[PDB]
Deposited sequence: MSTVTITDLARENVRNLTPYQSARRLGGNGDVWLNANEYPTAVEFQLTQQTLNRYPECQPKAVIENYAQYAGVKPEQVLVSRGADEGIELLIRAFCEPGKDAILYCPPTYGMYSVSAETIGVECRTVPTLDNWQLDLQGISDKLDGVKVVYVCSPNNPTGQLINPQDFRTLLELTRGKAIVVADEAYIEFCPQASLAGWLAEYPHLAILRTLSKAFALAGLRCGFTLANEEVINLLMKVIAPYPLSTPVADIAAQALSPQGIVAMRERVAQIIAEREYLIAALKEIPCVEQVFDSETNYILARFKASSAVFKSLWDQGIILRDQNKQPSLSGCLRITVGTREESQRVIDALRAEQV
């Protein structure tokens, strides 16, 4: 049959649940040139993003979301069946998914009790690893990785593996970005997106920030015209000075609402513990989380269960929405 021909690995492969900005920001097309193929790397988007991130244009690569960026790094550096990828659970699921789909080995070193890196465990499992992913701030936990530890991770992998900092939520704590470290570390790569703070998840637009040599290797493995013209168009508009300003206003409004939500949740009986976050979502441990999860779910309040993630039993991840959405969750709880 048909499935027997498939690769073995392939044969076995209120909305507050996806970390999206709660409100739609309107945009309209300005470039009616849809009959022609777009440029491989839209100049307007790349230059606007480089100014925003404070890096050189030659250190930026635009792709179909940060998700494509994760895949590209594996495609360029890992030899299937020979090389490995390393990540530290509980974290973003796409790292393992892309590697498993591609047929590359996954090495996992779970983080310590406070979600920080187990530097000793990592140094013991580096042999044969080509790419290390580290999400900071981490999804779903919400916290930043100590920069001192990132320095250690960078020293450990110097000339052995590429270290990828997933900064999908860096807009909520801009001061913590490692974008300024590129000059010191040739093997450091950073993933950025327009899907979260930028309120543009529907666009599927992301970026990889790395030194020119890395960017050039990634250009060799990326699809010929990765971005559509309508996406490049809207993206350049959102990356304009006025757009960066409107973005910052969105972040500020989300942080204020996040602080209200944390304060209120800490007063609710069933809520055992609320963890600090530097993002647009809150991880909280509940007494009988599955019961509470199904209850809200039936009420039409959709969260994200994390009960099955390593060390997250009892936890649910709540995305920060509007004041009215927060009130619905509080009242419901």
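A.B. asks: Take the full deposited sequence, match it to the modelled residues, and report the stretches without C-alphas.
C.D. replies: Residues missing from the model, as numbered along the full deposited sequence, span 1 to 4, 18 to 31, 352 to 356.
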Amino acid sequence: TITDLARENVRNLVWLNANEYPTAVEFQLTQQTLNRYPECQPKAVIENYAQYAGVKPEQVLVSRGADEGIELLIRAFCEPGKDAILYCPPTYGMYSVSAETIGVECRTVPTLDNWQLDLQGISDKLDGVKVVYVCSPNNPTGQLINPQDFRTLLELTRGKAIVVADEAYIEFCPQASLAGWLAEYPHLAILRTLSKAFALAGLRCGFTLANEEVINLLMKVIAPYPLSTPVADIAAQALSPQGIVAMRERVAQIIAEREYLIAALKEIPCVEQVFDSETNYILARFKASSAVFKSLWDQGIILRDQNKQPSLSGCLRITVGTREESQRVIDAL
From here on, numbers count along this sequence of modelled residues.
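A.B. asks: Pick between 253 to 261 and 189 to 197: the one whose mean CA B-factor in the entry is higher.
C.D. replies: Averaging CA B-factors over each stretch, the winner is 253 to 261.
A.B. asks: Mean Cα B factor from the PDB record: higher for 222 to 230, or higher for 240 to 248?
C.D. replies: Of 240 to 248 and 222 to 230, the stretch with the higher C-alpha B-factor average is 240 to 248.
A.B. asks: Looking at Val60, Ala66, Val271, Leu283, which has the highest Cα B-factor in the entry?
C.D. replies: Each of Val60, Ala66, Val271, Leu283 was compared by C-alpha B-factor; the highest is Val271.
A.B. asks: Checking the entry, which one of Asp149, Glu100, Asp124, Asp118 has the top C-alpha B factor?
C.D. replies: So the option with the highest C-alpha B-factor is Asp124.
A.B. asks: Going by the entry, which third of its chain does the Cα temperature factor of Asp298 land in?
C.D. replies: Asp298: CA B-factor falls in the highest third of its chain.
A.B. asks: Among the modelled residues of its chain, does the C-alpha B-factor of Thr91 lie in the lowest, middle or highest third?
C.D. replies: Ranked within chain, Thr91 CA B lands in the lowest tercile.
A.B. asks: Give the position of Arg75 by CA B-factor within its chain, expressed as the lowest, middle or highest third.
C.D. replies: For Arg75, the deposited C-alpha B-factor lands in the middle third.
A.B. asks: Classify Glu184 as lowest, middle or highest third according to the C-alpha B-factor given in the PDB entry, relative to its own chain.
C.D. replies: Top third by C-alpha B-factor.
A.B. asks: What third of its chain, lowest, middle or highest, does the C-alpha temperature factor of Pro140 fall into?
C.D. replies: It belongs to the lowest third of the chain when residues are ordered by C-alpha B-factor.
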